[PDB]
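>>> no FASTA, just this:
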C-alpha cells in the first residue's frame, strides 16, 4: 500500500471523513431544497415579464438636429444579484461531487472493469455541467463590458440610432439568457441528483 | 424525499403537455407566419432604409434603424428563445428517463443518448441564431457610424443596406430552420417514444 | 400519444412537406440546373480582359516638394444575380434535410444497412449547406473589405498599393463569384444524382 | 416519379456536356498546361539570380537629428502571370469533382472496394483545391500587407526596419509566387497520373 | 563518474517525492481547508467587497484611484498556493517518469497504469496554469476598467463593472482554493491507492 | 488518350522530373548537408556574448522636472538572414520535388499487396511534415521585421519606457537564437529525408515488386 | 539499395559518423553535467527569494492630486540572462537527439514490428519536450512586450493604481514562471536520460541484430 506517519494518517482521515459527511449532507438535504428554491424563484414576477419593453432603461442622450448621466439598468442588476450567487454555489458543489467520486475510485485492478466505468461516466457528466456553469460566468462578464461599450459608442456618436437600439437589445438578450440560466441550473441540480441517486449503489463500491 | 417527487411529476406533465399540445400548434403557427407578406418580399430593394448622409462635393442629422427588420426581429426573436427553453425541457425529461447504468440490455440506453445528442445539436444551432441576432445591431451600427464619419466612401453606404438584406435572408432561414427543428424533434421522439420511456422493457 | 387537434396539425404539415420535396426534386431542380448553366453563358460572367472590370478611382495623386468614390457597378450587377441563388439553395438544403429526416424510421436492431444510407445522404446535404454558408460569409467579406480599402486609399494618397488592391478585390470577388455559380450548379447536380440513384432505399431503408 | 420528355433530356444534355468537357480537359488541356507552365518556369522573370534587382524605389525622406510611392512593377507583372493560373486550376478542380461524383454508382452492399477508390481520388482533388484556395489568400495577403508596410514606413520615417520589410515582402512574395508555379505544375501532373492510372476503376467501380 | 552524478540527483529526487507524499501533502490538504474557514474567504454580503471609486459624476481632472485592498490581501494568500502546487506537479511528474521501466513486450498492463496517473497529474498542471492566466487577467482588466470609467465619466456601466470584476475575481479565487484542495486530495488518493503498481509495474523483488 | 503528340510530351516532363529527383538525391543532398554544417562552423552563427549582437539605438533619454534622428536596422542579423533565408526557400522547393517524385511512383490502386503502398504514403506524409515546418520558418522570418519595426516605433514615440528599448535588443537575440535553430533543423531535415528515402528506396520505386 | 557517388558516400558518412559521435558524447558527458549544473543553480539565492516584495522595482510615476526614465527590473534581467541560454541549448539538444534516433530507424519491414514502435515512442516524447521548450521561449517574449505596455499604460494614466500594481505583478509572475522553467528543464534533461538509457539496447537496433 502507501507509507504514512501516525500524525499524517490522522490528518488525511479527518479531511476524508469531513468530505464524505459534506457530500452525503449535500446530496440528502441541500440538493432537494435548492431544486425547489429556484423553481420557486422561477415563479417570481421579475423572471416572468410579459412585455420586454418594460425592461428598457432610460437613455437620456441628446438627439442631434440637421452629455449628462446615463444610468445602468436596475431591473437587470436586481436579477443579476439573484442568479449570480446561484451560478457560483453550483460550481462549488460540482467540485465537491468531483472530490467525492474520485475518493471512491478504487485501486486500478484487472478484476471487474465494469464498475469503474460507471464511476468515470458519472464523473465526466459532472465535469460537463461545471464546463457549462463556467460558460455562464463568461456570459455574465460579457454583459457589463458589452453594455458599457454600447452606451459609450451611443453617447460619442449621437447621430446613429442603431447604437441606442442595441443597448436596450443587450438588456433583453441578457434577460433571456439569465432566464435560461435558472432553468439550466434547476435542470443541472435535478440531473445530478437523478444520475447519482439511481446509480449510488455502484458509485460507492464498483467492486 | 417526497419534495423531489412534486418537481419530477410536474416536469413529466410539462413534457407530455409540450409534446402533445404545444409542439403541433407551434409547427403550424410559424408555417402560417411564413405565409405572411413581411417574410415573403419579392423586391429586396423595398427593404432598403433611408440614409440621409450628405454627399461630398469635389473642389449630419439622425440616421434611423430599419423599421422593417425591427418588426421582423420582434417576430423571430421570441421564437428563438422559446425553442431554446423547450430544448432544455426535453433534455431534463429524457435524462430523468435514463435508468440505472446496468450491464443488462445496453441497446435501449444507446437510443436515449442518440435522441439526447440530437436535441443538444438543435440547442447549439439555436444559440448560434442568438449570436447572429446580436451580431446584427453592432455591425449595422458600426456600418452607419463609418458611413457618416467617412462620407466620401460609397461602399460604406452600400453595405448598410446589404446588412439589412443579409439579416432579412438569415431571419427568413431562421423560421424555416425553427419549423424544421420542432418538426424534427416531434418525429424523432414520437417514432421512438416506446423505447425512450423504458429502454429496458 | 395523440390528441384531436394534434392529429391534424402534424399530418397537414407532413403531407405538405412531402409534396414540396417531391415537387422540388422533379420540377424545380432540373430547371435550376439548366437556368444557371444558361447564366454561365452570359457575357458578364465570361469576361476576357479583367481590366474592363476595373472601376474609376477618383483620387488626387500627391506631388513631391476628395469627392465621391463610387462602388464597382459591374460587380454589383453580378452580385444581384448570384446572391439570390445562394439563399435559395440554402433554403432548399433545409427542405431536403427536413424531408430525409422524416423518412428516418424507428431505430431498430433489424436491418442496420438501410439507415446507414440515409445518414450518408444527409451528411452530404449538410456539407453542401456548410459550403453555401461559407459563400455568404465571402459576400459579406467583400463590401467591408472594399470599403476599408478605398477608405485607406483616400486617407493615404501617397501609397499606390492601396489603390492597386481595390481593383484587385474586385477581380478577386469576380473570380470567386464565377466559382460560386459553377459550385452551385455542381451542388444542385450532385444532390439530384445522389438522391435519384438511391431514392428507393431513401424512402424505405427497411423494405416493404 | 419519372420525369417529362423535356425534363430528363435537360438533365442529360448537361450530363453529356460535362462528360465531354472532362474527357476533353483530361486528354488535351492538361498535358498542354503541364508543359506551358514548365515553359513559363524557364522565363527569366521567374529565375532571378540577384533578389536585390527585385527591390523597388522607396523615395521616403530620411530624417536628420513625402511624394507618392509606387508599387513593385516586377511583382505586378509576375502576379499577372501566376494569378490567372491559380483561378483556372480551381475551376478545373470543380470540373473533375463534378465528373467523379456523377460516376459514383448506387450505394450497394455488393463490391465495396471499387467505390473506395473513387472516394480516395475525390478526397485528393479536394486537397488540391484546398491548397489552391490557400494560394489565393496568400495573394490577397500581399497587397494589404505591402500597403500597410509603406504606410507605416512613410508615417514613421525615422525607423529603417519598416523600410527594410517592404523590400522583404516583395522578396517573400516572389519566392512564394515561384513556389506557386512549381506546386501548380506538380498539382496538374499529380491529378493526371492519379486519374490516368486508375481511370478503369474510376469509370466503373463495379467492373464489367 | 557520470553515474555517480546521475545517482545523487535520482536518490535526492526519490527522497523529495517520498517526503512530499507523506508529510507535505496531508499538511497542505488541511492547511488550506483551514484557510477556507477564515472570514476573508467566507463573505456573506459581497457589497462589503466593493472599493471606493471617487470619480466625479457629471452634471447635465481626476484624483488617485486605488485598487481593492480586500482582493489584494486575498490574492497574497491564494497566489503562492497556485505556484507551490505547479512546482509539486513537476516533482510528481519527474518522479513517476523515473519509475517508467524499459519498454518491453512482457506485461503491458502495469505501464498503462503509470501513464494514466501521469496524464492525470498533467491535467492538474494544465488547470493550475489556467489559474495563473486568470490572475494575470484580473489586474489588466480592472485597470482598463477604471481607466475607461475615469475617461468616460458619464457611462455608469463602466463604474458598475469595476465592482463586478472584484466580485468575479473573489468568486473565482474562492473556487481556486476549493479546486487546489481537491487537486492535492485527488493526487494523494490516486497515487496512494495505486502506489504498489506505480513503483514496479512489472512486479519484482530483491 | 484519344489524340495528340502531347502524350510523348507528358513523357518528357516525367523523364525530366525523374532525372531531377535522382540528381537531387545523389549529388545535391549530400553537398547541401555538408555545406550548411560547414556554415554552422562560421563565427557569425557561434557568438559567445549575445551583447555583441546589440545594435545602437540613439533614442534621447527624457529628463524629469525633442524628436529622434535616424534609427538603423541590426546589420548582424541582416547579414545572418541573407544566409539562412535562401536556404529555407531552396528546401521548400526540394520538398515539392520529392513530393512530385514519390506521387508519380504511386501505382494503380489495387487490392493485391497493400503493404507496399502504405510505405509510400508514410514517406510522403513525412516530407509534408518537413514542408509544414519550413513554412513555419518563413512565417517566423516575416514576423521579425514587422515586430522589430513596431518595437522601435513604440520605443521612439514613448522615450520614457526603457523596457520598449530593452525588447528591441531582445527581439534580435530571439531572432538570432531562432535563426541558429533554423540551420540545425534544416541540416537535420535534409539528413532525415536522405536516410528515410535511401533505406527504403527499394520499396519506394516499386511497392508491388516485379 | 541506394546508389551513391564516391564523394557523396564520403560526404554522407562523415556527417553520419560526426553526428553519432556528437550524440554519444552528449548522452555520456554533457547531460549528467547539465543535470547537476542547473540543480546547483537552483541552490543560488536569486532563484530562492523568500519575500517577493524584494523583487519589486522602483516606479517613479507622479501621483496625481484631486515623465522621467523608468528602468527595467534588474533582478529579473539578471535571472533572464541565466535561464534564457539554458532554454536555447536544450532546444538545440532536442534537435540533436531527434536527428540521432531518426538515423537509427531501419528499413520499414514487415518482420518484427515491436522494435520500431519503441523508437517512435521515444521520438514523440523528445518532440513533446521541444514543444514545451518552444512554449517557454514564447513566455519570455511575452514578458518584455507585456511589461512595456504595462508601464506605458501606467505612465499615460497616472490616476489608476491598478496599472501600477500589475507591473510589479508581471515581475512576480515572470519570476515564478522562470523558477518553474529551471525545474522543468532539469526534469526534461533527467527524463530524456532515463528514457534513452533504460531503452538504449532497443533504440540502437530495434531488429535485435547481434551485438
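Sure thing, it's come through. Numbering: from 1, shown residues only, chains lettered A, B, ... in the order given.
>>> where's the residue nearest the centre of chain A relative to residue A:12, distance?
With distances taken as C-alpha atoms, centre = their mean, chain A has residue A:87 as the residue nearest its mean C-alpha position (2.9 Å). Per C-beta to C-beta, to the nearest Å, residue A:87 is found 32 Å from residue A:12. In this view, the C-beta of every residue, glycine as well, is placed from N, C-alpha and C.
>>> go on, residue A:132?
33 Å.
>>> higher neighbour count, those two?
When neighbours are counted by other C-beta atoms under 10 Å in any protein chain shown, residue A:132 and residue A:12 differ, and residue A:12 comes out ahead with 21 against 15.
>>> verify the stated contact: that one with residue A:3.
No - applying C-beta atoms under 8 Å as the test, residue A:12 and residue A:3 come out as separate, 12.0 Å apart.
>>> now chain A against chain C: closest residue?
When distances are taken as C-beta to the nearest C-beta, chain A approaches chain C most closely through residue A:162, which lies 15.9 Å from it.
>>> in terms of helices and strands, where is that residue?
Counting by DSSP states H and E, the element that carries residue A:162 is helix A:161-204.
>>> what do you get for residue A:118?
In this assignment (DSSP H and E), residue A:118 forms part of helix A:114-156.
>>> that helix and chain G, are they touching?
No - applying C-beta under 8 Å from any C-beta of the partner chain, one finds helix A:114-156 separated from chain G by no less than 15.7 Å.
>>> and that helix with helix B:107-149, angle?
Counting by axes from the mean of the first three to the mean of the last three C-alpha atoms, to 10 degrees, helix A:114-156 lies at 20 degrees to helix B:107-149.
>>> helices or strands up against helix A:114-156?
Helices and strands in packing contact with helix A:114-156 are listed as helix A:74-102, helix A:161-204, helix B:107-149, helix E:156-199; criterion 3 or more C-beta pairs under 8 Å, 6 or more residues apart in numbering or on different chains; DSSP states H and E.
>>> among those, which comes closest to residue A:150?
Within the helices and strands packed on helix A:114-156, the stretch nearest residue A:150 is helix A:161-204; the backing value is 4.5 Å (C-beta to C-beta).
>>> who does that closest one touch, helix- and strand-wise?
If contacts are counted by 3+ C-beta pairs under 8 Å, 6+ apart, helix A:161-204 sits against helix A:31-41, helix A:74-102, helix A:114-156, helix B:3-17, helix B:67-95, helix B:107-149.
>>> how close does the residue of chain A most remote from its centre get to residue B:60?
Residue distances from the centre of chain A (C-alpha atoms, centre = their mean) peak at residue A:66, which lies 48.7 Å from the mean C-alpha position. Plainly put, residue A:66 is 7 Å away from residue B:60 if you go by C-beta to C-beta.
>>> next: residue A:51.
Note on residue A:51: its distance to residue B:60, by C-beta to C-beta, is 33 Å.
>>> check residue A:109 too.
For residue A:109 relative to residue B:60 (C-beta to C-beta), the value is 76 Å.
>>> cool, residue A:27 as well?
Using C-beta to C-beta, one gets 63 Å for the distance from residue A:27 to residue B:60.
>>> and for residue A:7?
Using C-beta to C-beta, one obtains 78 Å as the distance from residue A:7 to residue B:60.
>>> go on, residue A:15?
Computed with C-beta to C-beta, the distance linking residue A:15 and residue B:60 is 67 Å.
>>> ok, the residue of chain A found nearest chain G - contacts?
Of the residues in chain A, the one nearest chain G is residue A:145, at a distance of 15.7 Å by C-beta to the nearest C-beta. With contacts defined as C-beta atoms under 8 Å, 6 or more residues apart in numbering or on different chains, residue A:145 is in contact with residue E:161.
>>> residue A:203 contacts residue A:102, doesn't it?
No - counting by C-beta under 8 Å, residue A:203 stays clear of residue A:102, with 11.4 Å between them.
>>> between the two, which has more neighbouring residues?
Using other C-beta under 10 Å, the more surrounded residue of residue A:203 and residue A:102 is residue A:203, with 20 against 16.
>>> ok, that one - contacts?
Contact criterion C-beta under 8 Å, 6+ apart gives A:101, A:104, A:118-119, A:122, A:196 as the residues in contact with residue A:203.
>>> burial count for residue A:53?
When neighbours are counted by other C-beta under 10 Å, residue A:53 comes out with 9.
>>> scratch that, residue A:127 is what I was asking about
Residue A:127 - counted by other C-beta under 10 Å - has 13 other residues nearby.
>>> for it, which non-adjacent residue is spatially closest?
residue A:98 (7.1 Å; C-beta to C-beta, 6 or more residues apart in numbering or on different chains).
>>> report the separation between residue A:140 and chain B.
When C-beta to the nearest C-beta, to the nearest Å is the yardstick, residue A:140 and chain B sit 15 Å from each other.
>>> look through chain A and state the residue closest to chain B.
Sorted by distance to chain B under C-beta to the nearest C-beta, the residues of chain A start with residue A:66, at 3.3 Å.
>>> quick one, what contacts that residue?
The neighbours of residue A:66, taking C-beta under 8 Å, 6+ apart as the test, are B:52, B:60-62.
>>> swap the cut-off to 7 Å and go again
By C-beta atoms under 7 Å, 6 or more residues apart in numbering or on different chains, the contact list for residue A:66 reads residue B:61.
>>> again, but for the one 5 residues further on
If a contact means C-beta under 7 Å, 6+ apart, then residue A:71 has A:57, E:156 as its contacts.
>>> cool, and the one 4 residues further on?
For residue A:75, the contact set (C-beta under 7 Å, 6+ apart) comprises residue A:55.
>>> how many other residues sit next to the closest residue to residue A:204 other than its chain neighbours?
Residue nearest to residue A:204 in three dimensions, not counting chain neighbours: residue A:104, with 6.2 Å by C-beta to C-beta, 6+ apart. Other residues near residue A:104 number 16, with proximity taken as other C-beta under 10 Å.
>>> residue A:38 and residue A:184 touch, don't they?
No - because the distance of 10.3 Å does not satisfy C-beta atoms under 7 Å, residue A:38 is recorded as not touching residue A:184.
>>> how close does the residue farthest from the centre of chain A get to chain E?
If you measure residue A:66 against chain E using C-beta to the nearest C-beta, the figure is 23 Å.
>>> please apply the same query to residue A:69.
For residue A:69, the distance to chain E (C-beta to the nearest C-beta) stands at 6 Å.
>>> got it, and residue A:82?
When C-beta to the nearest C-beta is the yardstick, residue A:82 and chain E sit 13 Å from each other.
>>> what about that residue, how many neighbours?
15.
>>> skipping its backbone neighbours, what lies nearest residue A:56 in space?
Distance criterion C-beta to C-beta, 6+ apart; nearest residue to residue A:56, sequence neighbours excluded, is residue A:168 at 5.0 Å.
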